[PDB]
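Visitor: First the structure, which I've put down as structure tokens, then a few questions once you've had a look.
What follows draws every value from the coordinates through simple rules; no lab data is involved. No Cβ is skipped: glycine too gets one built from the backbone with ideal geometry, and neighbour counts run over all protein chains shown.
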Amino acid sequence: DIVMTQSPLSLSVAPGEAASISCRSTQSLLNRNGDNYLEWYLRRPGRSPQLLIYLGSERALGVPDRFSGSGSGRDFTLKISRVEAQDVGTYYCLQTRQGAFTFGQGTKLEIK
Amino acid sequence: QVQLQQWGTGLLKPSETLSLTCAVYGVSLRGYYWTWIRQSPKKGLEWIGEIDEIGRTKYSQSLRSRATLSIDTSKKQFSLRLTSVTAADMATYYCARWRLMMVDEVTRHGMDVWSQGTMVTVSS
Amino acid sequence: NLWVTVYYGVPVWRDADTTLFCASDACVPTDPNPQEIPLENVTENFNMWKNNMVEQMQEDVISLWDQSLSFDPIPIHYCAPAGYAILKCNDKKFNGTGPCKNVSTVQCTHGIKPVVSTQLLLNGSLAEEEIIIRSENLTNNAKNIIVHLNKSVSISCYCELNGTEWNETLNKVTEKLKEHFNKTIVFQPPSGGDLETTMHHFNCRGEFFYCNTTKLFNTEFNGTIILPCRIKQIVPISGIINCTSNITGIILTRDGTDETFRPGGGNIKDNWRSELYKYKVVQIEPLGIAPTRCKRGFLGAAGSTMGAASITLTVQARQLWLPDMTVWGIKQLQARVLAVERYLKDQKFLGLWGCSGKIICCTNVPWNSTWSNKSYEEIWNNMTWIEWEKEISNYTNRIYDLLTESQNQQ
Ligand SMILES: *[C@@H]1O[C@H](CO)[C@@H](O[C@@H]2O[C@H](CO)[C@@H](O[C@@H]3O[C@H](CO[C@H]4O[C@H](CO)[C@@H](O)[C@H](O)[C@@H]4O)[C@@H](O)[C@H](O[C@H]4O[C@H](CO)[C@@H](O)[C@H](O)[C@@H]4O)[C@@H]3O)[C@H](O)[C@H]2NC(C)=O)[C@H](O)[C@H]1NC(C)=O
Ligand SMILES: *[C@@H]1O[C@H](CO)[C@@H](O[C@@H]2O[C@H](CO)[C@@H](O[C@@H]3O[C@H](CO[C@H]4O[C@H](CO)[C@@H](O)[C@H](O)[C@@H]4O)[C@@H](O)[C@H](O[C@H]4O[C@H](CO)[C@@H](O)[C@H](O)[C@@H]4O)[C@@H]3O)[C@H](O)[C@H]2NC(C)=O)[C@H](O)[C@H]1NC(C)=O
Ligand SMILES: *[C@@H]1O[C@H](CO)[C@@H](O[C@@H]2O[C@H](CO)[C@@H](O)[C@H](O)[C@H]2NC(C)=O)[C@H](O)[C@H]1NC(C)=O
Ligand SMILES: *[C@@H]1O[C@H](CO)[C@@H](O[C@@H]2O[C@H](CO)[C@@H](O)[C@H](O)[C@H]2NC(C)=O)[C@H](O)[C@H]1NC(C)=O
Ligand SMILES: *[C@@H]1O[C@H](CO)[C@@H](O[C@@H]2O[C@H](CO)[C@@H](O)[C@H](O)[C@H]2NC(C)=O)[C@H](O)[C@H]1NC(C)=O
Ligand SMILES: *[C@@H]1O[C@H](CO)[C@@H](O[C@@H]2O[C@H](CO)[C@@H](O)[C@H](O)[C@H]2NC(C)=O)[C@H](O)[C@H]1NC(C)=O
Ligand SMILES: *[C@@H]1O[C@H](CO)[C@@H](O[C@@H]2O[C@H](CO)[C@@H](O)[C@H](O)[C@H]2NC(C)=O)[C@H](O)[C@H]1NC(C)=O
Ligand SMILES: *[C@@H]1O[C@H](CO)[C@@H](O)[C@H](O)[C@H]1NC(C)=O
Ligand SMILES: *[C@@H]1O[C@H](CO)[C@@H](O)[C@H](O)[C@H]1NC(C)=O
Ligand SMILES: *[C@@H]1O[C@H](CO)[C@@H](O)[C@H](O)[C@H]1NC(C)=O
Ligand SMILES: *[C@@H]1O[C@H](CO)[C@@H](O)[C@H](O)[C@H]1NC(C)=O
Ligand SMILES: *[C@@H]1O[C@H](CO)[C@@H](O)[C@H](O)[C@H]1NC(C)=O
Ligand SMILES: *[C@@H]1O[C@H](CO)[C@@H](O)[C@H](O)[C@H]1NC(C)=O
């Protein structure tokens, strides 16, 4: 039962530079030993969403190293080095700390 | 290469049970958490429930009243039923599969494989 | 920022050698209802020419024969002891050596009838799909070739044979050897100097039979085949004592225009490598190390994902079987004592560290970039326990010593 917040709601990012997504919660997500109970997912139009970031900031197989994550406790950030054709879509946070989970409103990312 | 397929109705009139089945091909059920996610056009994704392989279940308090989950290990399938579905409650779009690891806790990595999913509609 | 942690009971195995159990209905433990465990996504490299079952079963049959003080062969099983396992390569075209998939686990084996013969295989287990050629060195060697037949033949011994199946089987065998050997195949009698290993030796309810076979292998069946045969006199026109059996495999030997194969030859053990070729004895190693973020049927998981195998382990394994209230015997007692010592040694290793009897514990041993320069994802969600153990086995002693020192220094 955590109200979950993402920002900005809509993004307008030109190619060639990094793009940043901020993500905040209400109750602290830091684990006493685990890095973070937060995940980042991506959904493309008309496709099944896949995995980007799990359990803190370490990426998984299939990442082009172009996405990375950081943050702790209250503020979480995900940054993209380069945006050309396949990372355009919508980004979601995921709080997996306790009880009922909440994805929160997604962030739309496209190209000018 | 593991893949997920989904069977169900999709088109049903309001206020009865929506029963949907989902099968996995590529790996057994022994070491994962099989879960599903509601996908509303206005609410995005929302966690509905998860089941282990021995039948223990976890639900959400908002949907615990009228949702049931079950496993069939004979052919590696698993299904759900929602009683008295409503037009505003447009649920159970995608299947899923979470990864797991155990050190003094059942820690939860990210979920990797995604079913094609299905579209659910409710009549008047 | 990765810390060593210790798992006990992981499904990691390795090739080894040990003494097995008898099983029959000296060494007579009753055999109850058996079971089989499938495996997934695991590849096993089988090599039946370097197997270890053959010597054990040869020793056991020698002991049985010596105990004379009626001897119809009975299905005898060799049943693995506690702490070991029997792996079966169930591939359709498993020629005998090489990698194979769809390997399964059994608590222990199926019925084997100890029957001695040369130049022919009697009552043996049939093939599955096609004619199988078995040889350690097919291309060039003075080593015997074993031909395993899918179409059984009947024999009755003066041996009486139905020549139709013989003609069909020889046609099949020569066609099946055609692709391996370019020269035309022709069969010649052994041309040996004595009847010790160039004849048809077998036994029928205490009577020895040395039965000629030169009419079967020559450069037309013409109906029923009649074979002269002799009985071992102890210090004439006979040989029909209504003794019927099944021909299932052939032993052939190559020679150094056209290719010429000579039957017979070899020793008695190679009659027996043709029955235990599907099997391998393996030893479980229930201990492992793994890097994590923490700071402070027992084999179905093998072949699956790192984490999936990690989470499915439980405490159901009491130690490390089926029969009860019987006579142990020397071999079973030896195996059980060895297993108990191995379990006690593993418990001593756990007790020396901080696990103190628990399955998963964390220790104050920082990870290194030289034991493995692999990503955490790669380590913990995409590789089997067996491959990880094989990769890390080089530095296991150093890991153990560092763990002991760190635990002591605290
Ligand atoms: C680890 O070990 C497991 C177990 O042996 C292996 O899984 C086997 O191999 C694949 C999965 O990798 C399975 O084959 C897949 O089956 C799916 C479902 O099959 C149903 O539909 C077919 C349709 O004809 C029926 O024939 C069948 O009986 C089932 O009713 C298929 O949908 C998959 O098809 C894929 O390829 C076709 C192209 O041929 C595409 O069109 C499809 O969209 C899809 O992409 C696939 O055929 C197989 O069934 C598994 N065995 C068992 C017993 O279930 C893993 O492969 C193995 N892992 C590795 C890495 O080797
Ligand atoms: C490969 O596999 C085949 C299986 O088909 C083996 O052939 C068997 O060989 C054994 C050994 O001789 C045969 O055993 C015999 O059993 C007789 C009893 O037969 C009973 O069943 C028949 C069924 O029709 C009845 O008609 C009959 O009345 C019986 O009720 C015994 O009588 C034989 O001798 C025994 O008894 C006499 C006294 O009567 C003693 O003096 C002897 O010492 C001995 O104890 C004999 O034991 C068996 O019948 C064969 N099978 C078949 C189907 O006929 C092959 O032997 C095997 N290959 C090798 C190399 O072993
Ligand atoms: C993770 O392991 C899986 C199998 O366990 C690998 O999957 C296949 O691996 C082969 C050889 O490595 C490739 O030729 C295939 O293209 C792979 N298929 C898929 C769907 O991945 C996979 O490559 C491994 N991944 C990593 C990063 O090690
Ligand atoms: C059994 O089959 C395996 C492969 O299915 C054979 O192994 C390969 O054989 C070829 C041809 O002799 C060699 O060039 C390869 O180097 C072999 N690979 C390995 C890993 O051994 C094997 O030779 C076959 N054996 C028989 C008796 O047919
Ligand atoms: C199979 O047998 C052949 C024949 O002996 C082996 O080839 C010989 O290899 C030795 C080296 O050990 C050479 O000195 C000989 O000149 C080779 N002879 C021929 C005819 O090639 C071959 O190495 C064997 N292979 C296997 C897998 O056993
Ligand atoms: C020897 O075996 C052959 C093979 O079974 C027997 O020939 C068969 O005879 C039946 C009819 O009796 C036919 O339907 C089959 O097609 C024949 N098979 C072949 C391969 O020709 C033959 O009768 C047997 N002879 C003896 C004396 O046992
Ligand atoms: C097995 O049978 C062959 C039948 O050919 C025996 O060899 C023959 O022996 C006779 C004399 O005994 C010769 O006249 C033939 O020329 C031989 N033929 C061949 C092809 O060698 C052979 O002696 C028999 N084996 C035993 C042990 O008696
Ligand atoms: C694997 O072996 C089992 C053993 O019974 C068999 O049923 C199955 O058909 C085999 N499958 C393949 C793909 O070899
Ligand atoms: C050989 O054939 C006979 C007759 O069909 C059969 O009884 C026997 O079981 C066969 N041998 C084997 C090993 O199956
Ligand atoms: C036995 O193997 C040969 C190999 O070519 C094949 O032609 C024949 O059909 C097989 N017979 C059976 C009964 O499988
Ligand atoms: C028996 O073998 C001869 C040898 O070539 C062959 O010509 C003949 O066709 C065979 N008989 C059959 C197959 O019925
Ligand atoms: C007697 O021997 C003959 C061999 O010519 C064999 O066919 C028959 O089966 C034998 N008798 C019995 C009862 O088996
Ligand atoms: C890693 O191991 C090497 C040699 O095994 C050693 O020199 C080095 O100090 C180790 N690193 C750490 C951080 O302990």
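Visitor: What 222 nm value per residue comes from the helices of chain C, counting each DSSP H run with n ≥ 4 as -39,500 (n - 2.57) and dividing by all residues, nearest 500 deg cm²/dmol?
Guide: My calculation for chain C gives -6500 deg cm²/dmol from helical runs alone.
Visitor: Another question, if that's okay. What is the projected area of the convex hull of the Cα atoms of chain C, averaged over all directions, in nm²?
Guide: Value for chain C: 25.9 nm².
Visitor: Gap in Å between the Cα centre of the range C:83-130 and the Cα centre of the range B:27-93?
Guide: So the two Cα centres are separated by 45 Å.
Visitor: Which of the listed residues, C:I146, C:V61, C:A16, is farthest toward the dipole's positive end in the range C:7-152, when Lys, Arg count +1 and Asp, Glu count -1 at the beta-carbon?
Guide: C:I146
Visitor: Still on this model: Could you check the spin-label model distance between C:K93 and C:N123? Points 7 Å from the Cα along Cα→Cβ, value in nm.
Guide: 3.4 nm
Visitor: For C:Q107 and C:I231, FRET efficiency with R0 = 41 Å and r from the beta-carbon atoms, rounded to 0.05?
Guide: For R0 = 41 Å, the calculated efficiency reads 0.45.
Visitor: Please report the net charge: other residues with Cβ closer than 14 Å to the Cβ of C:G223, K and R +1, D and E -1.
Guide: After counting each charged neighbour, the total is -2.
Visitor: Farthest toward the dipole's positive end in chain C, which of C:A308, C:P81, C:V173, given Cβ charges of +1 (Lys, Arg) and -1 (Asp, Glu) about the Cα centre?
Guide: C:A308
Visitor: For the pairs C:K88/C:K331; C:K50/C:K345; C:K93/C:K280, flag any whose C-alpha to C-alpha distance is greater than 19 Å.
Guide: Over 19 Å apart, Cα to Cα: C:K88/C:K331; C:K50/C:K345.
Visitor: So, one more: For B:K43, list the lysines whose Cα falls under 18 Å from its own Cα; do not include residues on the same chain fewer than 8 positions away.
Guide: Correct list for B:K43: A:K108.
Visitor: Would you list which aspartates and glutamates come within 20 Å of C:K232, measuring only between C-alpha atoms, while excluding same-chain residues fewer than 8 positions from it?
Guide: Within the straight-line limit of under 20 Å, C:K232 reaches these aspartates and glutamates: C:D66, C:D72, C:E160, C:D194, C:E196, C:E207.
Visitor: Sticking with this one: In bins 5 Å wide, starting from 0, what share of all Cα pairs of the range C:261-319 does each bin hold, as a percent?
Guide: 4, 10, 15, 16, 11, 9, 7, 7, 7, 6, 5, 2, 1, 1
Visitor: Using modelled backbone amide H atoms (1.01 Å from N, in-plane), which distant-in-sequence or interchain residues come within less than 5 Å of B:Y33's amide H?
Guide: Result for B:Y33 returns B:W98.
Visitor: Still on this model: Just check the range A:69-108 against the gyration tensor rule for me: Cα atoms, a ≥ b ≥ c as the square roots of the eigenvalues, rounded for a/c under 1.5, and otherwise prolate or oblate depending on whether a/b exceeds b/c.
Guide: It comes out oblate by the Cα gyration axes.
Visitor: Quick check for me: using +1 on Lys/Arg Cβ and -1 on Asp/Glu Cβ, what's the dipole size of the protein assembly as shown about its Cα centre, in debye to the nearest 20?
Guide: 2240 debye
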